[PDB]
$ cat run.pdb   # PDB, C-alpha atoms
MODEL        1
ATOM      1  CA  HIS A   6      15.993  -4.277 -25.725
ATOM      2  CA  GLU A   7      14.881  -4.433 -22.085
ATOM      3  CA  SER A   8      15.888  -7.216 -19.697
ATOM      4  CA  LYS A   9      14.098  -8.480 -16.586
ATOM      5  CA  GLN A  10      16.775  -6.763 -14.503
ATOM      6  CA  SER A  11      16.191  -3.385 -16.156
ATOM      7  CA  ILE A  12      12.407  -3.640 -15.828
ATOM      8  CA  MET A  13      12.809  -4.761 -12.213
ATOM      9  CA  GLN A  14      15.082  -1.822 -11.427
ATOM     10  CA  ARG A  15      12.799   0.598 -13.271
ATOM     11  CA  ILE A  16       9.647  -0.474 -11.420
ATOM     12  CA  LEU A  17      11.536  -0.206  -8.140
ATOM     13  CA  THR A  18      12.805   3.253  -9.077
ATOM     14  CA  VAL A  19       9.331   4.477  -9.997
ATOM     15  CA  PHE A  20       8.109   2.962  -6.729
ATOM     16  CA  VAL A  21      10.693   4.724  -4.557
ATOM     17  CA  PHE A  22       9.810   7.905  -6.430
ATOM     18  CA  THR A  23       6.137   7.467  -5.550
ATOM     19  CA  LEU A  24       7.311   7.121  -1.955
ATOM     20  CA  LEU A  25       9.185  10.443  -2.130
ATOM     21  CA  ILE A  26       6.294  12.222  -3.851
ATOM     22  CA  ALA A  27       3.705  10.822  -1.446
ATOM     23  CA  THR A  28       5.991  11.917   1.385
ATOM     24  CA  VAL A  29       5.955  15.450  -0.008
ATOM     25  CA  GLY A  30       2.169  15.294  -0.167
ATOM     26  CA  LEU A  31       2.195  14.109   3.439
ATOM     27  CA  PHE A  32       4.123  17.265   4.259
ATOM     28  CA  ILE A  33       1.540  19.315   2.353
ATOM     29  CA  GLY A  34      -1.344  17.764   4.299
ATOM     30  CA  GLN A  35      -0.452  19.631   7.493
ATOM     31  CA  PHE A  36      -1.154  23.050   5.963
ATOM     32  CA  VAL A  37      -4.761  22.121   5.236
ATOM     33  CA  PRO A  38      -7.264  23.579   7.747
ATOM     34  CA  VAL A  39      -9.119  20.962   9.808
ATOM     35  CA  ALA A  40     -12.451  22.106   8.338
ATOM     36  CA  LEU A  41     -11.512  20.581   4.965
ATOM     37  CA  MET A  42     -10.463  17.038   5.923
ATOM     38  CA  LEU A  43     -12.194  13.720   5.209
ATOM     39  CA  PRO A  44     -13.334  11.248   7.927
ATOM     40  CA  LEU A  45     -10.701   8.868   9.307
ATOM     41  CA  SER A  46     -12.489   5.606   8.509
ATOM     42  CA  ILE A  47     -13.447   6.935   5.072
ATOM     43  CA  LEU A  48      -9.804   7.507   4.127
ATOM     44  CA  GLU A  49      -8.697   4.256   5.786
ATOM     45  CA  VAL A  50     -11.061   2.216   3.620
ATOM     46  CA  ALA A  51     -10.550   4.472   0.595
ATOM     47  CA  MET A  52      -6.930   3.350   0.517
ATOM     48  CA  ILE A  53      -8.056  -0.301   0.557
ATOM     49  CA  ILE A  54     -10.648   0.199  -2.169
ATOM     50  CA  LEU A  55      -8.014   1.902  -4.315
ATOM     51  CA  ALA A  56      -5.545  -0.865  -3.427
ATOM     52  CA  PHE A  57      -7.948  -3.364  -4.971
ATOM     53  CA  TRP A  58      -9.467  -1.276  -7.769
ATOM     54  CA  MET A  59      -6.124  -0.301  -9.292
ATOM     55  CA  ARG A  60      -5.135  -3.958  -9.629
ATOM     56  CA  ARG A  61      -6.044  -4.392 -13.298
ATOM     57  CA  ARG A  62      -4.298  -4.899 -16.638
ATOM     58  CA  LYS A  63      -5.089  -1.352 -17.786
ATOM     59  CA  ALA A  64      -1.722   0.313 -18.378
ATOM     60  CA  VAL A  65      -1.852   3.844 -16.978
ATOM     61  CA  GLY A  66       0.895   6.434 -17.352
ATOM     62  CA  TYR A  67       3.647   7.603 -15.015
ATOM     63  CA  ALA A  68       1.695  10.858 -14.871
ATOM     64  CA  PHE A  69      -1.323   9.180 -13.292
ATOM     65  CA  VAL A  70       0.808   7.152 -10.885
ATOM     66  CA  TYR A  71       2.874  10.112  -9.664
ATOM     67  CA  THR A  72      -0.212  12.341  -9.482
ATOM     68  CA  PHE A  73      -1.943   9.683  -7.407
ATOM     69  CA  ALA A  74       1.132   9.329  -5.186
ATOM     70  CA  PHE A  75       1.038  13.065  -4.477
ATOM     71  CA  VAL A  76      -2.687  13.381  -3.748
ATOM     72  CA  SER A  77      -2.809  10.188  -1.655
ATOM     73  CA  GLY A  78       0.233  11.402   0.253
ATOM     74  CA  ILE A  79      -1.697  14.584   0.978
ATOM     75  CA  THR A  80      -4.858  12.762   2.040
ATOM     76  CA  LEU A  81      -3.055  10.313   4.339
ATOM     77  CA  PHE A  82      -1.906  13.047   6.746
ATOM     78  CA  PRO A  83      -5.189  13.101   8.741
ATOM     79  CA  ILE A  84      -4.529   9.420   9.476
ATOM     80  CA  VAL A  85      -0.917   9.992  10.503
ATOM     81  CA  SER A  86      -1.681  12.978  12.740
ATOM     82  CA  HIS A  87      -4.454  11.039  14.478
ATOM     83  CA  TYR A  88      -2.380   8.018  15.527
ATOM     84  CA  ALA A  89       0.363  10.503  16.408
ATOM     85  CA  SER A  90      -1.847  12.527  18.738
ATOM     86  CA  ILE A  91      -2.797   9.375  20.648
ATOM     87  CA  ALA A  92       0.514   7.495  20.633
ATOM     88  CA  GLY A  93       3.266  10.100  20.293
ATOM     89  CA  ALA A  94       4.948  11.199  17.065
ATOM     90  CA  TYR A  95       7.552   8.443  17.435
ATOM     91  CA  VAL A  96       5.088   5.748  16.335
ATOM     92  CA  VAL A  97       4.774   7.493  12.939
ATOM     93  CA  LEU A  98       8.400   6.515  12.494
ATOM     94  CA  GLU A  99       8.039   3.058  14.069
ATOM     95  CA  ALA A 100       5.300   1.781  11.763
ATOM     96  CA  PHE A 101       7.001   3.297   8.713
ATOM     97  CA  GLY A 102      10.272   1.692   9.745
ATOM     98  CA  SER A 103       8.665  -1.704  10.232
ATOM     99  CA  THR A 104       6.802  -1.366   6.930
ATOM    100  CA  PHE A 105      10.020  -0.559   5.119
ATOM    101  CA  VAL A 106      11.823  -3.642   6.372
ATOM    102  CA  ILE A 107       8.910  -5.950   5.630
ATOM    103  CA  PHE A 108       8.648  -4.646   2.091
ATOM    104  CA  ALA A 109      12.401  -5.011   1.810
ATOM    105  CA  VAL A 110      12.337  -8.632   2.949
ATOM    106  CA  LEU A 111       9.431 -10.301   1.165
ATOM    107  CA  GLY A 112       9.969  -7.995  -1.796
ATOM    108  CA  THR A 113      13.440  -9.493  -2.008
ATOM    109  CA  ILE A 114      12.348 -13.062  -1.245
ATOM    110  CA  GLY A 115       9.588 -13.209  -3.852
ATOM    111  CA  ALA A 116      11.825 -11.544  -6.426
ATOM    112  CA  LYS A 117      14.420 -14.286  -5.895
ATOM    113  CA  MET A 118      12.452 -17.432  -5.021
ATOM    114  CA  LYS A 119      11.827 -19.916  -7.835
ATOM    115  CA  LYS A 120       8.352 -21.008  -6.738
ATOM    116  CA  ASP A 121       5.635 -19.488  -8.928
ATOM    117  CA  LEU A 122       2.882 -18.189  -6.657
ATOM    118  CA  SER A 123       0.128 -17.558  -9.225
ATOM    119  CA  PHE A 124      -2.251 -19.978  -7.471
ATOM    120  CA  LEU A 125      -2.678 -17.420  -4.670
ATOM    121  CA  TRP A 126      -4.388 -14.761  -6.824
ATOM    122  CA  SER A 127      -8.068 -15.522  -6.147
ATOM    123  CA  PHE A 128      -7.599 -15.905  -2.403
ATOM    124  CA  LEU A 129      -5.701 -12.625  -2.231
ATOM    125  CA  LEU A 130      -8.421 -10.821  -4.170
ATOM    126  CA  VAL A 131     -11.030 -12.337  -1.870
ATOM    127  CA  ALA A 132      -9.007 -11.284   1.157
ATOM    128  CA  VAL A 133      -8.980  -7.642   0.096
ATOM    129  CA  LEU A 134     -12.725  -7.651  -0.449
ATOM    130  CA  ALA A 135     -13.273  -8.894   3.091
ATOM    131  CA  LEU A 136     -11.125  -6.089   4.466
ATOM    132  CA  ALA A 137     -12.933  -3.582   2.280
ATOM    133  CA  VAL A 138     -16.211  -5.052   3.492
ATOM    134  CA  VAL A 139     -15.215  -4.636   7.128
ATOM    135  CA  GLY A 140     -13.867  -1.209   6.230
ATOM    136  CA  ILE A 141     -17.240  -0.211   4.833
ATOM    137  CA  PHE A 142     -18.825  -1.747   7.923
ATOM    138  CA  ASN A 143     -16.483   0.379  10.039
ATOM    139  CA  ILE A 144     -18.072   3.445   8.472
ATOM    140  CA  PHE A 145     -21.608   2.486   9.488
ATOM    141  CA  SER A 146     -20.745   0.472  12.598
ATOM    142  CA  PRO A 147     -17.483   1.607  14.290
ATOM    143  CA  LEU A 148     -15.506  -1.290  15.754
ATOM    144  CA  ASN A 149     -13.802  -1.216  19.153
ATOM    145  CA  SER A 150     -10.051  -1.088  19.789
ATOM    146  CA  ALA A 151      -9.504  -4.859  19.976
ATOM    147  CA  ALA A 152     -11.517  -5.728  16.859
ATOM    148  CA  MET A 153      -9.843  -2.926  14.908
ATOM    149  CA  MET A 154      -6.515  -4.286  16.166
ATOM    150  CA  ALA A 155      -7.200  -7.836  14.959
ATOM    151  CA  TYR A 156      -8.386  -6.287  11.695
ATOM    152  CA  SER A 157      -4.993  -4.558  11.590
ATOM    153  CA  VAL A 158      -3.157  -7.860  12.093
ATOM    154  CA  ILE A 159      -5.173  -9.437   9.274
ATOM    155  CA  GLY A 160      -4.519  -6.472   6.993
ATOM    156  CA  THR A 161      -0.820  -6.635   7.825
ATOM    157  CA  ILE A 162      -0.615 -10.318   6.904
ATOM    158  CA  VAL A 163      -2.621  -9.824   3.699
ATOM    159  CA  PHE A 164      -0.640  -6.844   2.405
ATOM    160  CA  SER A 165       2.711  -8.416   3.317
ATOM    161  CA  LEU A 166       1.737 -11.554   1.431
ATOM    162  CA  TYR A 167       0.659  -9.176  -1.332
ATOM    163  CA  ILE A 168       4.097  -7.549  -1.369
ATOM    164  CA  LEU A 169       5.858 -10.905  -1.661
ATOM    165  CA  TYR A 170       3.380 -12.087  -4.288
ATOM    166  CA  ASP A 171       3.702  -8.871  -6.285
ATOM    167  CA  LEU A 172       7.496  -8.958  -6.508
ATOM    168  CA  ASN A 173       7.383 -12.682  -7.287
ATOM    169  CA  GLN A 174       4.989 -11.995 -10.160
ATOM    170  CA  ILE A 175       6.975  -9.025 -11.434
ATOM    171  CA  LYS A 176       9.911 -11.419 -11.827
ATOM    172  CA  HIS A 177       7.924 -14.446 -13.025
ATOM    173  CA  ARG A 178       5.436 -12.769 -15.379
ATOM    174  CA  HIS A 179       5.833 -11.097 -18.763
ATOM    175  CA  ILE A 180       5.966  -7.415 -17.806
ATOM    176  CA  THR A 181       6.650  -4.899 -20.582
ATOM    177  CA  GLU A 182       7.699  -1.234 -20.295
ATOM    178  CA  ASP A 183       4.166   0.163 -20.637
ATOM    179  CA  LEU A 184       3.242  -1.865 -17.557
ATOM    180  CA  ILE A 185       5.947  -0.215 -15.438
ATOM    181  CA  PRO A 186       3.722   2.644 -14.190
ATOM    182  CA  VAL A 187       0.848   0.388 -13.110
ATOM    183  CA  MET A 188       3.201  -2.112 -11.424
ATOM    184  CA  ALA A 189       4.944   0.455  -9.226
ATOM    185  CA  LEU A 190       1.478   1.810  -8.496
ATOM    186  CA  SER A 191       0.373  -1.429  -6.834
ATOM    187  CA  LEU A 192       3.725  -1.675  -5.059
ATOM    188  CA  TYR A 193       2.926   1.769  -3.701
ATOM    189  CA  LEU A 194      -0.556   0.617  -2.734
ATOM    190  CA  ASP A 195       0.811  -2.326  -0.747
ATOM    191  CA  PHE A 196       3.299  -0.155   1.132
ATOM    192  CA  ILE A 197       0.724   2.498   2.014
ATOM    193  CA  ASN A 198      -1.989   0.042   3.040
ATOM    194  CA  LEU A 199       0.472  -1.972   5.123
ATOM    195  CA  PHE A 200       1.770   1.144   6.865
ATOM    196  CA  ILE A 201      -1.802   2.167   7.677
ATOM    197  CA  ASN A 202      -2.520  -1.186   9.325
ATOM    198  CA  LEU A 203       0.713  -1.096  11.321
ATOM    199  CA  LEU A 204       0.136   2.515  12.358
ATOM    200  CA  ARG A 205      -3.422   1.657  13.345
ATOM    201  CA  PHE A 206      -2.209  -1.400  15.246
ATOM    202  CA  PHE A 207       0.655   0.175  17.200
ATOM    203  CA  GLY A 208      -1.164   3.500  17.471
ATOM    204  CA  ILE A 209      -4.083   1.900  19.286
ATOM    205  CA  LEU A 210      -1.807  -0.451  21.251
ATOM    206  CA  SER A 211       0.176   2.468  22.673
ATOM    207  CA  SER A 212      -2.859   4.435  23.872
TER     208      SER A 212
ENDMDL
END
$ encode --input "run.pdb" --output "structure tokens"
Amino acid sequence: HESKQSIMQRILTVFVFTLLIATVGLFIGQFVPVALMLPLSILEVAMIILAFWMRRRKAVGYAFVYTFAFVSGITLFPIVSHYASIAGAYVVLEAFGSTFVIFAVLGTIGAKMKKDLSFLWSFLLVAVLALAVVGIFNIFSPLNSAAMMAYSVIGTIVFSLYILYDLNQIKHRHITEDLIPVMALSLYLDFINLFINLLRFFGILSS
């Protein structure tokens, strides 16, 4: 018989694992010739679209989640290398670092606070759409540095709030073992999409 503690710990474990796997993929992305990479904006919004799309009640397997972690890790290298070529490799750490701590804070706060935050859902969903919208817009009408930067601040706020909300709901809601893969998947999607926004923010800022 599973407890909320065991399910908590398990989702976190799977999550951390997706981080490691995606990291490996990120290492694999550097050995891909530049003639086979996807456009920056396309990937940047792809991550958002996936961040939203994979927020359903359809229980996928650990296989799908880990597979996705690997391939997304691979495909997020062109983003990393870009904001590294314009702002020094150090920023790649910086953003990551920041991301980590944020996830570690709200993720702890929501998972311990007694206020049920269900009422947020709709808004959050809406928020993502807007970002996605702008993202799509960014494909057909590239935004300047300042607008992209404000977009990055917005994205940061949204995905941080989404981290807090997600942990809060993992504790508050009825989550069974079959839901463990899909939960740690979203947790992975928040981390990645927050990191992107921070890397885009500080990467542009230090140019």
$ resolve_selection --input "run.pdb" --expression "the PyMOL selection byres ((chain A and resi 191) around 10)" --output "list in words"
residues 20, 55, 56, 57, 58, 59, 60, 61, 70, 167, 168, 171, 186, 187, 188, 189, 190, 192, 193, 194, 195, 196 and 197 of chain A
$ resolve_selection --input "run.pdb" --expression "the PyMOL selection byres ((chain A and resi 14) around 12)" --output "list in words"
residues 7, 8, 9, 10, 11, 12, 13, 15, 16, 17, 18, 19, 20, 21, 116, 172, 175, 176, 182, 185, 188 and 189 of chain A
$ residues_around --input "run.pdb" --residues "residue 111 in chain A" --least-positions-apart "4" --cutoff "8 Å" --atoms "all atoms listed in the file" --output "ChimeraX atom specification"
/A:107,115,165-166,168-169
$ resolve_selection --input "run.pdb" --expression "the PyMOL selection byres ((chain A and resi 203) around 8)" --output "CSV table (one decimal) with C-alpha atoms, in the coordinates of the input"
chain,number,residue,atom,x,y,z
A,100,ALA,CA,5.3,1.8,11.8
A,104,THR,CA,6.8,-1.4,6.9
A,157,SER,CA,-5.0,-4.6,11.6
A,158,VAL,CA,-3.2,-7.9,12.1
A,161,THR,CA,-0.8,-6.6,7.8
A,199,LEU,CA,0.5,-2.0,5.1
A,200,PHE,CA,1.8,1.1,6.9
A,201,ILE,CA,-1.8,2.2,7.7
A,202,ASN,CA,-2.5,-1.2,9.3
A,204,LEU,CA,0.1,2.5,12.4
A,205,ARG,CA,-3.4,1.7,13.3
A,206,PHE,CA,-2.2,-1.4,15.2
A,207,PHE,CA,0.7,0.2,17.2
A,208,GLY,CA,-1.2,3.5,17.5
$ residues_around --input "run.pdb" --residues "residue 93 in chain A" --least-positions-apart "4" --cutoff "12 Å" --atoms "all atoms listed in the file" --output "PDB file with C-alpha atoms, keeping the file's coordinate frame"
ATOM      1  CA  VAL A  85      -0.917   9.992  10.503  1.00  0.00           C
ATOM      2  CA  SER A  86      -1.681  12.978  12.740  1.00  0.00           C
ATOM      3  CA  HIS A  87      -4.454  11.039  14.478  1.00  0.00           C
ATOM      4  CA  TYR A  88      -2.380   8.018  15.527  1.00  0.00           C
ATOM      5  CA  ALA A  89       0.363  10.503  16.408  1.00  0.00           C
ATOM      6  CA  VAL A  97       4.774   7.493  12.939  1.00  0.00           C
ATOM      7  CA  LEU A  98       8.400   6.515  12.494  1.00  0.00           C
ATOM      8  CA  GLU A  99       8.039   3.058  14.069  1.00  0.00           C
ATOM      9  CA  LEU A 204       0.136   2.515  12.358  1.00  0.00           C
ATOM     10  CA  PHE A 207       0.655   0.175  17.200  1.00  0.00           C
ATOM     11  CA  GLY A 208      -1.164   3.500  17.471  1.00  0.00           C
ATOM     12  CA  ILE A 209      -4.083   1.900  19.286  1.00  0.00           C
ATOM     13  CA  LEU A 210      -1.807  -0.451  21.251  1.00  0.00           C
ATOM     14  CA  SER A 211       0.176   2.468  22.673  1.00  0.00           C
ATOM     15  CA  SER A 212      -2.859   4.435  23.872  1.00  0.00           C
TER      16      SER A 212
END
$ atom_distance --input "run.pdb" --atom1 "CA of residue 47 in chain A" --atom2 "CA of residue 160 in chain A"
16.2 Å
$ residues_around --input "run.pdb" --residues "residue 148 in chain A" --least-positions-apart "6" --cutoff "12 Å" --atoms "only C-alpha atoms" --output "list in words"
residues 46, 139, 140, 141, 142, 154, 155, 156 and 157 of chain A
$ write_last_selection --input "run.pdb" --atoms "C-alpha atoms" --output "short mmCIF file (atom, residue, chain, number, x, y, z; two decimals), in the frame of the given file"
data_model
loop_
_atom_site.label_atom_id
_atom_site.label_comp_id
_atom_site.auth_asym_id
_atom_site.auth_seq_id
_atom_site.Cartn_x
_atom_site.Cartn_y
_atom_site.Cartn_z
CA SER A 46 -12.49 5.61 8.51
CA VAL A 139 -15.22 -4.64 7.13
CA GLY A 140 -13.87 -1.21 6.23
CA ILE A 141 -17.24 -0.21 4.83
CA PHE A 142 -18.82 -1.75 7.92
CA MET A 154 -6.52 -4.29 16.17
CA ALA A 155 -7.20 -7.84 14.96
CA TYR A 156 -8.39 -6.29 11.70
CA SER A 157 -4.99 -4.56 11.59
#
$ atom_distance --input "run.pdb" --atom1 "CA of residue 173 in chain A" --atom2 "CA of residue 81 in chain A"
27.8 Å
